[PDB]
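**Q** Provided below: my_file.cif, containing mmCIF, N, CA and C atoms; chains and numbers go by the auth columns.
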```cif
data_my_file
#
loop_
_atom_site.group_PDB
_atom_site.id
_atom_site.type_symbol
_atom_site.label_atom_id
_atom_site.label_comp_id
_atom_site.label_asym_id
_atom_site.label_seq_id
_atom_site.Cartn_x
_atom_site.Cartn_y
_atom_site.Cartn_z
_atom_site.B_iso_or_equiv
_atom_site.auth_seq_id
_atom_site.auth_asym_id
ATOM 1 N N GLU A 1 5.900 55.858 162.695 0.00 1 A
ATOM 2 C CA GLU A 1 6.299 56.620 163.899 0.00 1 A
ATOM 3 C C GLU A 1 5.884 58.073 163.771 0.00 1 A
ATOM 4 N N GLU A 2 6.067 58.815 164.849 0.00 2 A
ATOM 5 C CA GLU A 2 5.579 60.176 164.953 0.00 2 A
ATOM 6 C C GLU A 2 6.155 60.818 166.173 0.00 2 A
ATOM 7 N N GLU A 3 6.249 62.124 166.161 0.00 3 A
ATOM 8 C CA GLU A 3 6.604 62.881 167.306 0.00 3 A
ATOM 9 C C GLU A 3 5.934 62.416 168.549 0.00 3 A
ATOM 10 N N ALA A 4 4.659 62.536 168.582 0.00 4 A
ATOM 11 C CA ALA A 4 3.950 62.384 169.812 0.00 4 A
ATOM 12 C C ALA A 4 4.067 60.989 170.389 0.00 4 A
ATOM 13 N N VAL A 5 4.523 60.046 169.588 0.00 5 A
ATOM 14 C CA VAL A 5 4.873 58.760 170.105 0.00 5 A
ATOM 15 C C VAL A 5 6.320 58.802 170.541 0.00 5 A
ATOM 16 N N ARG A 6 7.124 59.460 169.738 0.00 6 A
ATOM 17 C CA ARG A 6 8.494 59.796 170.062 0.00 6 A
ATOM 18 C C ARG A 6 8.565 60.439 171.439 0.00 6 A
ATOM 19 N N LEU A 7 7.743 61.460 171.570 0.00 7 A
ATOM 20 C CA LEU A 7 7.520 62.220 172.772 0.00 7 A
ATOM 21 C C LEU A 7 7.033 61.375 173.896 0.00 7 A
ATOM 22 N N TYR A 8 6.239 60.472 173.483 0.00 8 A
ATOM 23 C CA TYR A 8 5.622 59.495 174.346 0.00 8 A
ATOM 24 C C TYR A 8 6.626 58.487 174.838 0.00 8 A
ATOM 25 N N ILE A 9 7.388 57.972 173.943 0.00 9 A
ATOM 26 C CA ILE A 9 8.471 57.143 174.288 0.00 9 A
ATOM 27 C C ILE A 9 9.458 57.925 175.131 0.00 9 A
ATOM 28 N N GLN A 10 9.435 59.233 174.937 0.00 10 A
ATOM 29 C CA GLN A 10 10.164 60.144 175.759 0.00 10 A
ATOM 30 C C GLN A 10 9.457 60.304 177.104 0.00 10 A
ATOM 31 N N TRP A 11 8.145 60.188 177.050 0.00 11 A
ATOM 32 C CA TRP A 11 7.290 60.164 178.225 0.00 11 A
ATOM 33 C C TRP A 11 7.681 58.957 179.041 0.00 11 A
ATOM 34 N N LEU A 12 7.749 57.872 178.310 0.00 12 A
ATOM 35 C CA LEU A 12 8.157 56.584 178.783 0.00 12 A
ATOM 36 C C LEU A 12 9.564 56.613 179.353 0.00 12 A
ATOM 37 N N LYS A 13 10.460 57.272 178.642 0.00 13 A
ATOM 38 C CA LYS A 13 11.805 57.543 179.159 0.00 13 A
ATOM 39 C C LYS A 13 11.761 58.308 180.470 0.00 13 A
ATOM 40 N N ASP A 14 10.701 59.064 180.624 0.00 14 A
ATOM 41 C CA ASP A 14 10.465 59.856 181.826 0.00 14 A
ATOM 42 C C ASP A 14 9.756 59.003 182.869 0.00 14 A
ATOM 43 N N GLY A 15 9.568 57.726 182.545 0.00 15 A
ATOM 44 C CA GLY A 15 8.907 56.829 183.453 0.00 15 A
ATOM 45 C C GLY A 15 7.560 56.362 182.948 0.00 15 A
ATOM 46 N N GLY A 16 7.210 56.810 181.755 0.00 16 A
ATOM 47 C CA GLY A 16 5.867 56.725 181.275 0.00 16 A
ATOM 48 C C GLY A 16 4.910 57.201 182.324 0.00 16 A
ATOM 49 N N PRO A 17 4.017 56.348 182.753 0.00 17 A
ATOM 50 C CA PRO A 17 3.066 56.661 183.802 0.00 17 A
ATOM 51 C C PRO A 17 3.750 57.106 185.092 0.00 17 A
ATOM 52 N N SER A 18 4.963 56.619 185.316 0.00 18 A
ATOM 53 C CA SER A 18 5.742 56.999 186.465 0.00 18 A
ATOM 54 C C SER A 18 6.282 58.421 186.330 0.00 18 A
ATOM 55 N N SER A 19 6.074 59.036 185.169 0.00 19 A
ATOM 56 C CA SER A 19 6.514 60.403 184.950 0.00 19 A
ATOM 57 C C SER A 19 5.683 61.355 185.796 0.00 19 A
ATOM 58 N N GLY A 20 4.474 60.913 186.107 0.00 20 A
ATOM 59 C CA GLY A 20 3.509 61.763 186.758 0.00 20 A
ATOM 60 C C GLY A 20 2.588 62.362 185.733 0.00 20 A
ATOM 61 N N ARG A 21 2.993 62.214 184.480 0.00 21 A
ATOM 62 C CA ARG A 21 2.291 62.687 183.367 0.00 21 A
ATOM 63 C C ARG A 21 1.552 61.536 182.701 0.00 21 A
ATOM 64 N N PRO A 22 0.421 61.853 182.125 0.00 22 A
ATOM 65 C CA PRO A 22 -0.345 60.975 181.259 0.00 22 A
ATOM 66 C C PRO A 22 0.338 60.828 179.927 0.00 22 A
ATOM 67 N N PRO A 23 0.081 59.729 179.251 0.00 23 A
ATOM 68 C CA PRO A 23 0.726 59.447 177.993 0.00 23 A
ATOM 69 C C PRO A 23 0.267 60.407 176.900 0.00 23 A
ATOM 70 N N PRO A 24 1.241 60.953 176.183 0.00 24 A
ATOM 71 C CA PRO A 24 1.046 61.960 175.131 0.00 24 A
ATOM 72 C C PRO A 24 0.507 61.379 173.838 0.00 24 A
ATOM 73 N N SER A 25 -0.547 60.647 173.995 0.00 25 A
ATOM 74 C CA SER A 25 -1.239 60.007 172.896 0.00 25 A
ATOM 75 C C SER A 25 -2.633 60.612 172.743 0.00 25 A
#
```
In structure tokens, how does this file's structure come out?
**A**
Amino acid sequence: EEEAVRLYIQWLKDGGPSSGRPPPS
């Protein structure tokens, strides 16, 4: 694991792609 996946899963928590943001990978 790693932050940016953590963050990403946080991205995902934000909707992932539905966040409006691209995945932090």
**Q** Kindly give the distance, in Å, that separates atom C of residue 22 in chain A and atom N of residue 2 in chain A, rounded to a single decimal.
**A**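 Going from atom C of residue 22 in chain A over to atom N of residue 2 in chain A covers 16.3 Å.
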**Q** Please, which residues of chain A, numbered as in this document, come out helix (DSSP H, G or I) from DSSP, as number ranges by chain?
**A** A: 3-13, 16-19
**Q** With the file shown as input, list the residues that the PyMOL selection byres ((chain A and resi 25) around 8) selects, as a PyMOL selection string.
**A** chain A and resi 4-5+7-8+22-24
**Q** Kindly save the residues from that selection, with N, CA and C atoms included, as a PDB file, keeping the file's coordinate frame.
**A**
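Writing done, so here's again_12.pdb:
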```pdb
ATOM      1  N   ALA A   4       4.659  62.536 168.582  1.00  0.00           N
ATOM      2  CA  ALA A   4       3.950  62.384 169.812  1.00  0.00           C
ATOM      3  C   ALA A   4       4.067  60.989 170.389  1.00  0.00           C
ATOM      4  N   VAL A   5       4.523  60.046 169.588  1.00  0.00           N
ATOM      5  CA  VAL A   5       4.873  58.760 170.105  1.00  0.00           C
ATOM      6  C   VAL A   5       6.320  58.802 170.541  1.00  0.00           C
ATOM      7  N   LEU A   7       7.743  61.460 171.570  1.00  0.00           N
ATOM      8  CA  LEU A   7       7.520  62.220 172.772  1.00  0.00           C
ATOM      9  C   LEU A   7       7.033  61.375 173.896  1.00  0.00           C
ATOM     10  N   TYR A   8       6.239  60.472 173.483  1.00  0.00           N
ATOM     11  CA  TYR A   8       5.622  59.495 174.346  1.00  0.00           C
ATOM     12  C   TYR A   8       6.626  58.487 174.838  1.00  0.00           C
ATOM     13  N   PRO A  22       0.421  61.853 182.125  1.00  0.00           N
ATOM     14  CA  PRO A  22      -0.345  60.975 181.259  1.00  0.00           C
ATOM     15  C   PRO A  22       0.338  60.828 179.927  1.00  0.00           C
ATOM     16  N   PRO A  23       0.081  59.729 179.251  1.00  0.00           N
ATOM     17  CA  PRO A  23       0.726  59.447 177.993  1.00  0.00           C
ATOM     18  C   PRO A  23       0.267  60.407 176.900  1.00  0.00           C
ATOM     19  N   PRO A  24       1.241  60.953 176.183  1.00  0.00           N
ATOM     20  CA  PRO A  24       1.046  61.960 175.131  1.00  0.00           C
ATOM     21  C   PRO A  24       0.507  61.379 173.838  1.00  0.00           C
TER      22      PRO A  24
END
```
**Q** Taking all listed atoms of range 7-25 of chain A, build the axis-aligned box, pad each of the six sides by 3 Å, then write its centre and edge lengths in Å to one decimal as AutoDock Vina command-line options.
**A**
```
--center_x 4.6 --center_y 59.5 --center_z 179.2 --size_x 20.4 --size_y 12.3 --size_z 21.2
```
**Q** What does the distance between atom N of residue 19 in chain A and atom C of residue 6 in chain A come to in Å, to one decimal place?
**A**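 One can read the atom N of residue 19 in chain A to atom C of residue 6 in chain A distance as 14.0 Å.
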